[PDB]
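Asks: What follows is the file target28.txt, containing compact mmCIF, C-alpha atoms and all ligand atoms:
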```txt
# COMPACT_ATOMS: atom_id res chain seq x y z
CA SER A 1 35.16 4.51 33.85
CA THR A 2 36.19 0.98 34.82
CA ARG A 3 37.02 0.49 38.50
CA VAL A 4 39.45 -2.33 39.30
CA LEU A 5 39.11 -3.34 42.95
CA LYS A 6 41.57 -5.82 44.44
CA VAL A 7 40.26 -8.20 47.13
CA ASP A 8 41.71 -10.99 49.23
CA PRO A 9 40.65 -14.38 47.73
CA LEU A 10 39.83 -16.03 51.11
CA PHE A 11 38.18 -13.15 53.03
CA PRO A 12 37.20 -10.44 50.51
CA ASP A 13 36.23 -6.97 51.72
CA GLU A 14 32.42 -7.22 51.85
CA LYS A 15 32.26 -3.49 50.99
CA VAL A 16 33.74 -4.23 47.57
CA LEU A 17 31.30 -7.12 47.18
CA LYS A 18 28.38 -4.83 48.13
CA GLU A 19 29.43 -2.37 45.42
CA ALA A 20 29.41 -5.27 42.95
CA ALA A 21 26.03 -6.50 44.22
CA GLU A 22 24.55 -3.01 43.69
CA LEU A 23 25.74 -2.93 40.07
CA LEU A 24 24.18 -6.36 39.54
CA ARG A 25 20.88 -5.07 41.00
CA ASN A 26 21.09 -2.13 38.55
CA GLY A 27 21.26 -4.65 35.69
CA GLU A 28 24.96 -3.95 35.08
CA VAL A 29 27.61 -6.48 34.06
CA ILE A 30 30.63 -7.06 36.29
CA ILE A 31 33.74 -9.23 36.11
CA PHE A 32 34.66 -11.45 39.04
CA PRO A 33 37.16 -14.26 39.79
CA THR A 34 36.47 -17.95 40.24
CA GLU A 35 38.78 -20.91 40.89
CA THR A 36 38.76 -21.72 37.13
CA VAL A 37 38.72 -18.58 34.99
CA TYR A 38 37.39 -15.05 35.48
CA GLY A 39 33.70 -14.69 34.68
CA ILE A 40 31.70 -11.81 33.21
CA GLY A 41 28.36 -11.89 34.96
CA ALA A 42 24.88 -10.42 35.31
CA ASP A 43 21.73 -11.04 37.33
CA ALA A 44 20.58 -14.45 36.04
CA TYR A 45 16.90 -13.41 36.38
CA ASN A 46 17.45 -10.21 34.34
CA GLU A 47 16.98 -10.82 30.61
CA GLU A 48 18.15 -7.33 29.61
CA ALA A 49 21.35 -7.51 31.69
CA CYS A 50 22.26 -10.94 30.32
CA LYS A 51 21.81 -9.60 26.78
CA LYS A 52 24.59 -7.12 27.59
CA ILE A 53 26.94 -10.07 28.21
CA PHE A 54 26.43 -11.30 24.63
CA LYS A 55 26.99 -7.78 23.25
CA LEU A 56 30.14 -7.16 25.29
CA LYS A 57 31.67 -10.53 24.38
CA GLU A 58 30.48 -10.38 20.75
CA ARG A 59 29.01 -13.81 21.44
CA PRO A 60 26.48 -15.86 19.40
CA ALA A 61 23.01 -15.89 21.01
CA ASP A 62 22.91 -19.67 20.56
CA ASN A 63 25.79 -20.18 23.04
CA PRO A 64 24.16 -20.59 26.51
CA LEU A 65 25.44 -19.17 29.81
CA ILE A 66 26.38 -21.02 33.00
CA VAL A 67 24.30 -20.04 36.03
CA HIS A 68 26.36 -19.69 39.23
CA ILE A 69 24.81 -20.49 42.62
CA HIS A 70 26.02 -20.54 46.22
CA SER A 71 23.57 -22.98 47.87
CA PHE A 72 21.86 -26.29 47.19
CA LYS A 73 18.60 -24.49 47.98
CA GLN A 74 19.09 -22.38 44.84
CA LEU A 75 19.40 -25.59 42.83
CA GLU A 76 15.76 -26.37 43.67
CA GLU A 77 14.74 -22.93 42.34
CA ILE A 78 16.32 -23.41 38.90
CA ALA A 79 16.49 -27.14 38.06
CA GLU A 80 14.49 -30.37 38.29
CA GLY A 81 15.50 -34.04 38.30
CA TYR A 82 18.74 -33.54 40.23
CA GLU A 83 17.70 -35.36 43.42
CA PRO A 84 19.37 -38.70 42.46
CA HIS A 85 22.61 -36.81 41.77
CA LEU A 86 22.68 -34.91 45.11
CA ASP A 87 25.21 -37.39 46.55
CA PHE A 88 27.44 -36.69 43.54
CA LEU A 89 26.99 -32.91 43.69
CA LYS A 90 27.73 -32.73 47.43
CA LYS A 91 31.02 -34.53 46.68
CA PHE A 92 32.27 -31.97 44.10
CA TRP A 93 30.49 -28.73 45.05
CA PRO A 94 31.54 -26.11 45.70
CA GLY A 95 34.13 -26.77 43.00
CA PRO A 96 35.18 -26.71 39.32
CA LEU A 97 32.20 -28.69 37.99
CA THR A 98 29.30 -27.52 35.83
CA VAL A 99 26.30 -29.85 35.46
CA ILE A 100 23.48 -29.78 32.89
CA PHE A 101 19.95 -30.30 34.24
CA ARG A 102 16.42 -29.82 32.92
CA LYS A 103 15.36 -26.20 33.44
CA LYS A 104 12.58 -25.72 36.01
CA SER A 105 12.72 -21.98 36.71
CA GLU A 106 10.79 -19.61 34.51
CA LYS A 107 12.79 -17.04 36.52
CA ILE A 108 15.80 -17.76 34.25
CA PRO A 109 14.98 -16.04 30.91
CA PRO A 110 15.50 -17.86 27.56
CA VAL A 111 18.47 -15.66 26.59
CA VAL A 112 20.46 -17.26 29.43
CA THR A 113 19.82 -20.84 28.28
CA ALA A 114 19.67 -20.00 24.54
CA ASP A 115 16.02 -21.15 24.50
CA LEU A 116 17.13 -24.67 25.54
CA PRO A 117 15.08 -26.73 28.06
CA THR A 118 18.32 -27.35 29.96
CA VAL A 119 20.42 -25.14 32.24
CA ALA A 120 24.11 -25.33 33.12
CA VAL A 121 24.65 -24.90 36.86
CA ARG A 122 27.90 -24.34 38.79
CA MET A 123 28.64 -23.72 42.47
CA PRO A 124 32.17 -22.20 42.32
CA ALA A 125 34.76 -22.95 45.03
CA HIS A 126 36.04 -19.40 45.29
CA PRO A 127 35.03 -17.37 48.39
CA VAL A 128 34.72 -14.18 46.31
CA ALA A 129 32.21 -15.74 43.89
CA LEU A 130 30.25 -17.50 46.65
CA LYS A 131 30.09 -14.43 48.88
CA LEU A 132 29.18 -12.17 45.95
CA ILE A 133 26.31 -14.44 44.88
CA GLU A 134 24.99 -14.74 48.44
CA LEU A 135 25.15 -10.99 49.15
CA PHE A 136 23.55 -10.19 45.78
CA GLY A 137 20.76 -12.70 46.48
CA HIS A 138 20.22 -14.07 42.94
CA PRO A 139 22.20 -16.56 40.81
CA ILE A 140 24.75 -15.01 38.45
CA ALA A 141 24.80 -15.93 34.77
CA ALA A 142 28.42 -15.75 33.58
CA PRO A 143 30.52 -17.04 30.70
CA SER A 144 34.33 -16.73 30.78
CA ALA A 145 35.74 -13.19 30.85
CA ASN A 146 37.13 -12.80 27.34
CA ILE A 147 36.10 -11.54 23.91
CA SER A 148 34.46 -14.56 22.27
CA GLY A 149 37.09 -16.65 20.46
CA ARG A 150 39.98 -15.37 22.62
CA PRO A 151 41.67 -17.18 25.57
CA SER A 152 39.78 -17.11 28.88
CA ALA A 153 41.15 -14.53 31.33
CA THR A 154 43.06 -16.04 34.25
CA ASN A 155 44.10 -12.65 35.69
CA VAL A 156 43.08 -8.99 35.72
CA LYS A 157 45.72 -8.03 33.11
CA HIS A 158 43.95 -10.23 30.52
CA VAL A 159 40.54 -8.87 31.55
CA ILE A 160 41.75 -5.27 31.12
CA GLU A 161 43.01 -6.18 27.63
CA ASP A 162 39.49 -7.24 26.66
CA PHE A 163 37.20 -5.05 28.75
CA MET A 164 38.78 -1.81 30.02
CA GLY A 165 36.20 0.89 29.31
CA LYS A 166 33.38 -1.59 28.63
CA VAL A 167 32.41 -2.65 32.18
CA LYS A 168 32.05 -0.57 35.34
CA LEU A 169 33.73 -3.00 37.75
CA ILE A 170 36.40 -5.69 37.71
CA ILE A 171 37.09 -7.54 40.97
CA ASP A 172 40.74 -8.59 41.09
CA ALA A 173 41.67 -11.59 43.24
CA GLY A 174 44.89 -12.39 41.36
CA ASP A 175 45.64 -15.37 39.09
CA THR A 176 42.91 -18.03 39.09
CA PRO A 177 43.95 -21.32 40.80
CA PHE A 178 43.24 -23.76 37.95
CA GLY A 179 43.59 -21.57 34.82
CA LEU A 180 41.03 -23.77 32.98
CA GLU A 181 37.23 -23.75 32.75
CA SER A 182 35.11 -26.15 34.79
CA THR A 183 34.43 -29.72 33.73
CA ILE A 184 30.95 -29.85 32.16
CA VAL A 185 28.95 -33.05 32.70
CA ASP A 186 25.45 -33.50 31.19
CA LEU A 187 23.19 -35.48 33.54
CA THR A 188 19.90 -35.24 31.58
CA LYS A 189 20.42 -38.44 29.51
CA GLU A 190 20.46 -42.06 30.72
CA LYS A 191 24.27 -42.22 30.57
CA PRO A 192 26.22 -39.13 31.78
CA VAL A 193 27.96 -37.18 29.02
CA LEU A 194 31.22 -35.22 29.31
CA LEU A 195 30.81 -31.99 27.34
CA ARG A 196 34.02 -30.21 28.37
CA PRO A 197 37.12 -31.58 30.17
CA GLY A 198 38.36 -29.58 33.18
CA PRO A 199 39.84 -29.79 36.73
CA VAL A 200 37.40 -32.60 37.57
CA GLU A 201 39.37 -35.15 35.60
CA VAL A 202 37.99 -37.69 33.13
CA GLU A 203 39.68 -40.56 34.98
CA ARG A 204 37.87 -39.53 38.17
CA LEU A 205 34.48 -39.32 36.43
CA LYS A 206 35.04 -42.73 34.80
CA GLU A 207 35.59 -44.17 38.31
CA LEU A 208 32.25 -42.70 39.41
CA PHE A 209 30.39 -43.25 36.14
CA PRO A 210 31.72 -46.35 34.33
CA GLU A 211 29.31 -45.63 31.45
CA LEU A 212 30.49 -42.01 31.00
CA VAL A 213 30.27 -41.04 27.33
CA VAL A 214 33.06 -38.93 25.82
CA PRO A 215 31.88 -37.52 22.44
CA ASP A 216 34.24 -37.18 19.48
CA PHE A 217 34.13 -33.37 19.66
CA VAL A 218 35.76 -33.57 23.12
CA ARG A 219 38.66 -35.72 21.84
CA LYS A 220 39.00 -33.75 18.57
CA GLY A 221 38.91 -30.09 17.48
CA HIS A 222 37.83 -20.75 20.90
CA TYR A 223 40.74 -19.81 23.19
CA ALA A 224 42.52 -18.58 20.04
CA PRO A 225 45.48 -16.13 19.90
CA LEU A 226 45.73 -13.31 17.32
CA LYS A 227 48.61 -15.02 15.47
CA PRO A 228 48.14 -18.48 13.83
CA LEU A 229 48.59 -21.43 16.18
CA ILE A 230 50.42 -24.67 15.35
CA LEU A 231 49.91 -27.59 17.73
CA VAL A 232 52.43 -30.43 17.50
CA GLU A 233 51.05 -33.70 18.90
CA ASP A 234 53.94 -35.66 17.34
CA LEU A 235 57.11 -34.05 18.72
CA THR A 236 59.36 -35.95 16.29
CA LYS A 237 58.04 -33.59 13.59
CA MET A 238 59.01 -30.59 15.77
CA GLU A 239 62.14 -29.95 13.70
CA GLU A 240 60.16 -30.11 10.42
CA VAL A 241 57.62 -27.62 11.80
CA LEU A 242 60.18 -25.15 13.20
CA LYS A 243 61.86 -25.05 9.79
CA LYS A 244 58.57 -25.04 7.83
CA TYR A 245 57.37 -22.08 9.94
CA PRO A 246 60.55 -20.01 10.43
CA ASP A 247 59.24 -16.77 11.99
CA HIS A 248 57.88 -18.26 15.20
CA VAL A 249 57.65 -18.41 18.99
CA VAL A 250 57.39 -21.76 20.77
CA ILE A 251 55.39 -22.64 23.89
CA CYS A 252 57.06 -25.59 25.58
CA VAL A 253 57.56 -27.39 28.88
CA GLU A 254 60.55 -26.67 31.10
CA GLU A 255 62.16 -30.05 30.43
CA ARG A 256 62.51 -29.10 26.74
CA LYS A 257 63.27 -25.38 27.16
CA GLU A 258 66.97 -25.80 26.30
CA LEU A 259 65.93 -27.39 22.96
CA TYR A 260 64.74 -24.05 21.50
CA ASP A 261 65.85 -20.41 21.31
CA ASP A 262 62.66 -18.29 21.15
CA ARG A 263 60.43 -20.02 23.70
CA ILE A 264 57.81 -19.38 26.38
CA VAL A 265 58.02 -21.96 29.18
CA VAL A 266 54.38 -22.64 30.11
CA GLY A 267 55.23 -25.06 32.95
CA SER A 268 56.78 -28.45 33.80
CA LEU A 269 55.64 -32.02 33.13
CA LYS A 270 56.79 -32.57 36.72
CA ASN A 271 53.85 -30.39 37.85
CA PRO A 272 51.20 -30.50 35.06
CA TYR A 273 48.79 -28.25 37.00
CA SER A 274 51.38 -25.51 36.36
CA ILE A 275 50.78 -25.99 32.62
CA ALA A 276 47.00 -25.76 33.02
CA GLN A 277 47.37 -22.73 35.31
CA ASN A 278 49.48 -20.82 32.75
CA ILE A 279 48.45 -22.01 29.26
CA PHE A 280 46.04 -19.14 28.47
CA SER A 281 48.52 -16.52 29.75
CA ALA A 282 51.14 -18.14 27.51
CA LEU A 283 48.97 -17.66 24.40
CA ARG A 284 48.44 -13.97 25.23
CA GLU A 285 52.18 -13.46 25.83
CA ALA A 286 53.03 -15.31 22.60
CA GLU A 287 50.72 -13.31 20.33
CA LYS A 288 52.57 -10.14 21.43
CA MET A 289 56.14 -11.40 20.91
CA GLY A 290 56.17 -10.15 17.30
CA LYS A 291 56.36 -13.54 15.59
CA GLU A 292 54.27 -14.75 12.65
CA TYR A 293 53.50 -18.17 14.15
CA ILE A 294 52.91 -19.60 17.62
CA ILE A 295 54.06 -23.21 17.94
CA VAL A 296 52.90 -25.31 20.89
CA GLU A 297 54.16 -28.68 22.08
CA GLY A 298 51.51 -31.36 22.59
CA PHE A 299 50.78 -33.18 25.84
CA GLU A 300 49.48 -36.53 27.05
CA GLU A 301 45.69 -36.79 26.81
CA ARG A 302 45.65 -37.70 30.53
CA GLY A 303 44.65 -36.04 33.80
CA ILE A 304 44.54 -32.24 33.59
CA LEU A 305 46.59 -32.19 30.38
CA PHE A 306 43.57 -33.80 28.68
CA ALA A 307 41.71 -30.55 29.35
CA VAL A 308 44.73 -28.53 28.18
CA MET A 309 44.84 -30.46 24.90
CA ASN A 310 41.07 -30.04 24.44
CA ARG A 311 41.63 -26.28 24.67
CA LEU A 312 44.66 -26.18 22.37
CA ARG A 313 42.98 -28.37 19.72
CA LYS A 314 40.03 -25.96 19.64
CA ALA A 315 42.45 -23.01 19.29
CA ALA A 316 44.91 -24.42 16.72
CA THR A 317 44.89 -23.27 13.07
CA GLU A 318 46.89 -26.41 12.21
CA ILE A 319 47.39 -29.68 14.10
CA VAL A 320 50.40 -31.90 13.39
CA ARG A 321 49.79 -35.53 14.41
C1 LIG B 1 33.19 -18.21 34.73
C2 LIG B 1 33.57 -19.65 34.97
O1 LIG B 1 32.73 -20.26 35.95
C3 LIG B 1 33.60 -20.53 33.70
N1 LIG B 1 32.49 -20.26 32.77
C4 LIG B 1 32.63 -20.57 31.45
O2 LIG B 1 33.55 -21.21 30.99
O3 LIG B 1 31.62 -20.08 30.70
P1 LIG B 1 31.45 -20.06 29.06
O4 LIG B 1 32.63 -19.46 28.35
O5 LIG B 1 30.11 -19.53 28.70
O6 LIG B 1 31.34 -21.58 28.58
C5 LIG B 1 29.99 -22.09 28.74
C6 LIG B 1 29.87 -23.43 28.08
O7 LIG B 1 28.72 -24.10 28.67
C7 LIG B 1 27.96 -24.68 27.65
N2 LIG B 1 26.57 -24.75 28.08
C8 LIG B 1 25.89 -23.83 28.84
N3 LIG B 1 24.64 -24.18 29.07
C9 LIG B 1 24.50 -25.39 28.42
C10 LIG B 1 23.41 -26.28 28.28
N4 LIG B 1 22.21 -26.06 28.82
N5 LIG B 1 23.61 -27.41 27.57
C11 LIG B 1 24.82 -27.63 27.03
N6 LIG B 1 25.91 -26.87 27.09
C12 LIG B 1 25.69 -25.76 27.81
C13 LIG B 1 28.17 -23.78 26.43
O8 LIG B 1 27.88 -24.51 25.26
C14 LIG B 1 29.64 -23.42 26.57
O9 LIG B 1 30.48 -24.37 25.92
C15 LIG B 1 33.66 -22.01 34.12
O10 LIG B 1 32.68 -22.74 33.85
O11 LIG B 1 34.69 -22.37 34.71
MG MG B 2 34.53 -19.20 27.11
```
Will you turn the file into structure tokens for me?

Replies:
Amino acid sequence: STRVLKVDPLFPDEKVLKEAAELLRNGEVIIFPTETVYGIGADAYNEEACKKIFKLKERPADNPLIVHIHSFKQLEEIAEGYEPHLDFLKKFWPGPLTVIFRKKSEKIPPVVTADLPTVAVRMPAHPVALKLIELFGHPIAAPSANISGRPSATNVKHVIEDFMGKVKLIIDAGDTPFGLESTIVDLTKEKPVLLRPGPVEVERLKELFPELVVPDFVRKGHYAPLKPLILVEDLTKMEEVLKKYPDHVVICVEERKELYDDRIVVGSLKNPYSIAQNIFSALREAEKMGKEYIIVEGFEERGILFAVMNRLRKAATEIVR
């Protein structure tokens, strides 16, 4: 019997958080907001509880979980070799950044890290997440709140779609600020490696780390709707595509809304953060509009839209370059 408890994002009712903390202590899984996407979390030191996350998501065991912390002191408990990067961390944490370090803790079971000698760590800039972790007293292991393969939940409506009846508690703090998962940066190798683009933008990381490596899998290509998805990087072929795929809905920017008939406006190029904020909602709307094909306009591989494109490329059933 899933309880959905609404809380203020800045000053959440600590009584709701306590209820959540209790469930975590009982080895239950709960869903909570962050500034990026909703997470589905368990006690990070509880092997059995973390196993439930995999079951509930229908997730491969080889796909490791991000461990969420509230203090730099917790970092010492779980990781080693981070001391040269403390200046960096203190500049972006709390915030939408996940970093890979060598695993110290034997407190974090292998299921969490998929037997890897590394651990992904994030200190989320969302008062609800921070206050929950602190009150609970252990780190929380949490992937995104969605059935594996599907778009990451950015609001409680999407969470309910995927998890009503399957978890005891969803904390609702409204639509997540960014709409997109944290930037993941691997700091275990000699040169830092970008594993996932996010709200900490590539251009910013390149300023800080001139030798940042951006693997091919980041630039090429999860987050997938139920209907086939057609991504159109070259918008001159838009007309060809529309006519090739007749029974369709289009996801488009505002400045090209008038150029279609059946269209979801995801946001404006004027304010690209609007596009990031709404893109996953758009895919969930689209898949329900009773059309055979979802057709999405492409975006610049720059700033936050880089992250958007990363997500769409990984979701698309066909790309049109
Ligand atoms: C809940 C919210 O904080 C959200 N979490 C999230 O997106 O979790 P998830 O859906 O599990 O994505 C986790 C990603 O993190 C990577 N990952 C985790 N631990 C890793 C490790 N030790 N080495 C490399 N990649 C790792 C996984 O491969 C995967 O791509 C976020 O990071 O914004
Ligand atoms: Mg995910």

Asks: Sorted by chain and rising residue number, which residues of chain A lie within 7 Å of ligand LIG 1 (chain B), and what are their closest atom pairs and distances in Å to one decimal, counting only C-alpha atoms and all ligand atoms, as a tab-separated table?

Replies:
```
residue	atom	partner	partner_atom	distance
A:34	CA	B:LIG1	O1	6.1
A:36	CA	B:LIG1	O11	4.8
A:37	CA	B:LIG1	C2	5.3
A:38	CA	B:LIG1	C1	5.3
A:39	CA	B:LIG1	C1	3.6
A:40	CA	B:LIG1	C1	6.7
A:63	CA	B:LIG1	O8	5.3
A:64	CA	B:LIG1	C8	4.3
A:65	CA	B:LIG1	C8	4.8
A:66	CA	B:LIG1	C8	5.0
A:96	CA	B:LIG1	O11	6.4
A:98	CA	B:LIG1	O10	6.2
A:100	CA	B:LIG1	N4	5.7
A:113	CA	B:LIG1	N4	5.8
A:116	CA	B:LIG1	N4	6.2
A:118	CA	B:LIG1	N4	4.3
A:119	CA	B:LIG1	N4	4.0
A:120	CA	B:LIG1	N3	4.2
A:122	CA	B:LIG1	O1	6.9
A:124	CA	B:LIG1	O1	6.7
A:142	CA	B:LIG1	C1	5.5
A:143	CA	B:LIG1	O5	3.2
A:144	CA	B:LIG1	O4	4.0
A:145	CA	B:LIG1	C1	6.8
A:180	CA	B:LIG1	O11	6.7
A:181	CA	B:LIG1	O11	3.5
A:182	CA	B:LIG1	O11	3.8
```

Asks: Keeping C-alpha atoms, export the residues of the selection given above as a PDB file, in the frame of the given file.

Replies:
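Saved file part-v1.pdb follows:
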```pdb
ATOM      1  CA  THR A  34      36.470 -17.950  40.240  1.00  0.00           C
ATOM      2  CA  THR A  36      38.760 -21.720  37.130  1.00  0.00           C
ATOM      3  CA  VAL A  37      38.720 -18.580  34.990  1.00  0.00           C
ATOM      4  CA  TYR A  38      37.390 -15.050  35.480  1.00  0.00           C
ATOM      5  CA  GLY A  39      33.700 -14.690  34.680  1.00  0.00           C
ATOM      6  CA  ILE A  40      31.700 -11.810  33.210  1.00  0.00           C
ATOM      7  CA  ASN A  63      25.790 -20.180  23.040  1.00  0.00           C
ATOM      8  CA  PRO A  64      24.160 -20.590  26.510  1.00  0.00           C
ATOM      9  CA  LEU A  65      25.440 -19.170  29.810  1.00  0.00           C
ATOM     10  CA  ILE A  66      26.380 -21.020  33.000  1.00  0.00           C
ATOM     11  CA  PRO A  96      35.180 -26.710  39.320  1.00  0.00           C
ATOM     12  CA  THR A  98      29.300 -27.520  35.830  1.00  0.00           C
ATOM     13  CA  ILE A 100      23.480 -29.780  32.890  1.00  0.00           C
ATOM     14  CA  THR A 113      19.820 -20.840  28.280  1.00  0.00           C
ATOM     15  CA  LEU A 116      17.130 -24.670  25.540  1.00  0.00           C
ATOM     16  CA  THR A 118      18.320 -27.350  29.960  1.00  0.00           C
ATOM     17  CA  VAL A 119      20.420 -25.140  32.240  1.00  0.00           C
ATOM     18  CA  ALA A 120      24.110 -25.330  33.120  1.00  0.00           C
ATOM     19  CA  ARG A 122      27.900 -24.340  38.790  1.00  0.00           C
ATOM     20  CA  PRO A 124      32.170 -22.200  42.320  1.00  0.00           C
ATOM     21  CA  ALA A 142      28.420 -15.750  33.580  1.00  0.00           C
ATOM     22  CA  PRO A 143      30.520 -17.040  30.700  1.00  0.00           C
ATOM     23  CA  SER A 144      34.330 -16.730  30.780  1.00  0.00           C
ATOM     24  CA  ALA A 145      35.740 -13.190  30.850  1.00  0.00           C
ATOM     25  CA  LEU A 180      41.030 -23.770  32.980  1.00  0.00           C
ATOM     26  CA  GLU A 181      37.230 -23.750  32.750  1.00  0.00           C
ATOM     27  CA  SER A 182      35.110 -26.150  34.790  1.00  0.00           C
TER      28      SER A 182
END
```

Asks: Looking at only C-alpha atoms, which of A:28, A:233, A:35, A:161 is the one that sits closest to residue A:199?

Replies: A:35

Asks: Atom CA of residue A:302 and atom CA of residue A:196, how far apart in Å?

Replies: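 Computed distance, atom CA of residue A:196 to atom CA of residue A:302, equals 14.0 Å.
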
Asks: What's the 8 Å shell around residue A:175, counting all atoms listed in the file, without same-chain residues fewer than 3 positions away, as a VMD selection string?

Replies: chain A and resid 154 to 156 179

Asks: Would you please work out which residue, of A:13, A:117, A:225, A:90, is nearest to residue A:102 when using all atoms listed in the file?

Replies: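 Going through A:13, A:117, A:225, A:90 one by one, the smallest distance to residue A:102 is for A:117.
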
Asks: Taking into account only C-alpha atoms and all ligand atoms, which residue in the set A:217, A:280, A:306, A:223 is nearest to ligand MG 2 (chain B)?

Replies: A:223

Asks: Quick one: pull the distance between atom CA of residue A:5 and atom CA of residue A:289, Å, one decimal.

Replies: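 Answer for the atom CA of residue A:5 to atom CA of residue A:289 separation: 29.0 Å.
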
Asks: Pick out the closest residue to residue A:218 from this set: A:309, A:259, A:269, A:132. Count all atoms listed in the file.

Replies: A:309

Asks: In terms of the shortest atom-to-atom distance over only C-alpha atoms, which of A:83, A:258, A:48, A:297 is closest to residue A:112?

Replies: A:48

Asks: Residues proximal to (37.7, 6.2, 34.0) were defined as those with any atom within 10 Å of that point in the file's coordinates, counting all atoms listed in the file. Which are they, as a PyMOL selection string?

Replies: chain A and resi 1-3+164-165+168

Asks: So how many Å separate atom CA of residue A:277 and atom CA of residue A:320, to one decimal?

Replies: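 Distance reported for this atom pair: 24.0 Å.
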
Asks: Could you pull the residues within 8 Å of residue A:211, counting only C-alpha atoms, minus those fewer than 2 positions along the same chain, as a list in words?

Replies: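 Surrounding residues, per the criterion: residues 191, 192, 206, 209 and 213 of chain A.
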
Asks: Considering all atoms listed in the file, state which residue in the set A:76, A:172, A:58, A:47 is at the smallest distance from residue A:111.

Replies: A:47

Asks: Quick one: residues within 10 Å of residue A:313, all atoms listed in the file, excluding same-chain residues fewer than 4 positions away - as a PyMOL selection string?

Replies: chain A and resi 218-224+229-233+298+307-309+317-319

Asks: Find the residues near residue A:167: any atom within 12 Å, counting all atoms listed in the file, skip ones fewer than 3 places away on the same chain, and give them as an mmCIF file with C-alpha atoms, in the frame of the given file.

Replies:
```cif
data_model
loop_
_atom_site.group_PDB
_atom_site.id
_atom_site.type_symbol
_atom_site.label_atom_id
_atom_site.label_comp_id
_atom_site.auth_asym_id
_atom_site.auth_seq_id
_atom_site.Cartn_x
_atom_site.Cartn_y
_atom_site.Cartn_z
ATOM 1 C CA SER A 1 35.160 4.510 33.850
ATOM 2 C CA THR A 2 36.190 0.980 34.820
ATOM 3 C CA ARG A 3 37.020 0.490 38.500
ATOM 4 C CA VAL A 4 39.450 -2.330 39.300
ATOM 5 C CA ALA A 20 29.410 -5.270 42.950
ATOM 6 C CA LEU A 23 25.740 -2.930 40.070
ATOM 7 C CA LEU A 24 24.180 -6.360 39.540
ATOM 8 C CA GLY A 27 21.260 -4.650 35.690
ATOM 9 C CA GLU A 28 24.960 -3.950 35.080
ATOM 10 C CA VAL A 29 27.610 -6.480 34.060
ATOM 11 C CA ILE A 30 30.630 -7.060 36.290
ATOM 12 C CA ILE A 31 33.740 -9.230 36.110
ATOM 13 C CA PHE A 32 34.660 -11.450 39.040
ATOM 14 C CA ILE A 40 31.700 -11.810 33.210
ATOM 15 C CA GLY A 41 28.360 -11.890 34.960
ATOM 16 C CA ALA A 42 24.880 -10.420 35.310
ATOM 17 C CA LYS A 52 24.590 -7.120 27.590
ATOM 18 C CA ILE A 53 26.940 -10.070 28.210
ATOM 19 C CA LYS A 55 26.990 -7.780 23.250
ATOM 20 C CA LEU A 56 30.140 -7.160 25.290
ATOM 21 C CA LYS A 57 31.670 -10.530 24.380
ATOM 22 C CA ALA A 145 35.740 -13.190 30.850
ATOM 23 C CA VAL A 159 40.540 -8.870 31.550
ATOM 24 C CA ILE A 160 41.750 -5.270 31.120
ATOM 25 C CA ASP A 162 39.490 -7.240 26.660
ATOM 26 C CA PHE A 163 37.200 -5.050 28.750
ATOM 27 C CA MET A 164 38.780 -1.810 30.020
ATOM 28 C CA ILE A 170 36.400 -5.690 37.710
ATOM 29 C CA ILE A 171 37.090 -7.540 40.970
#
```

Asks: Compile the contact shell of residue A:185 as a VMD selection string: residues with an atom at most 6 Å away, counting all atoms listed in the file, same-chain residues fewer than 2 positions apart removed.

Replies: chain A and resid 99 193 to 195

Asks: Starting from the structure just given, write a file holding stretch 68-91 of chain A with C-alpha atoms, as a PDB file, in the first residue's frame.

Replies:
```
ATOM      1  CA  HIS A  68      24.589   9.122  -2.012  1.00  0.00           C
ATOM      2  CA  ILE A  69      26.244  10.938   0.913  1.00  0.00           C
ATOM      3  CA  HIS A  70      25.609  14.169   2.818  1.00  0.00           C
ATOM      4  CA  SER A  71      29.061  14.960   4.257  1.00  0.00           C
ATOM      5  CA  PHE A  72      32.714  14.931   3.232  1.00  0.00           C
ATOM      6  CA  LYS A  73      33.320  12.836   6.362  1.00  0.00           C
ATOM      7  CA  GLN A  74      31.292  10.019   4.768  1.00  0.00           C
ATOM      8  CA  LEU A  75      33.590  10.181   1.749  1.00  0.00           C
ATOM      9  CA  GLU A  76      36.457   9.012   3.979  1.00  0.00           C
ATOM     10  CA  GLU A  77      34.353   6.022   5.091  1.00  0.00           C
ATOM     11  CA  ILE A  78      33.688   4.734   1.552  1.00  0.00           C
ATOM     12  CA  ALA A  79      36.511   5.855  -0.775  1.00  0.00           C
ATOM     13  CA  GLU A  80      40.292   6.265  -0.946  1.00  0.00           C
ATOM     14  CA  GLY A  81      42.566   8.423  -3.099  1.00  0.00           C
ATOM     15  CA  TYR A  82      40.219  11.416  -3.245  1.00  0.00           C
ATOM     16  CA  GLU A  83      42.353  13.825  -1.198  1.00  0.00           C
ATOM     17  CA  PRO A  84      43.942  15.549  -4.253  1.00  0.00           C
ATOM     18  CA  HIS A  85      40.444  16.122  -5.672  1.00  0.00           C
ATOM     19  CA  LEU A  86      38.962  17.662  -2.484  1.00  0.00           C
ATOM     20  CA  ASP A  87      39.392  21.193  -3.908  1.00  0.00           C
ATOM     21  CA  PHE A  88      37.412  20.067  -6.960  1.00  0.00           C
ATOM     22  CA  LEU A  89      34.710  18.284  -4.953  1.00  0.00           C
ATOM     23  CA  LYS A  90      34.191  21.238  -2.598  1.00  0.00           C
ATOM     24  CA  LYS A  91      33.570  23.378  -5.697  1.00  0.00           C
TER      25      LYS A  91
END
```
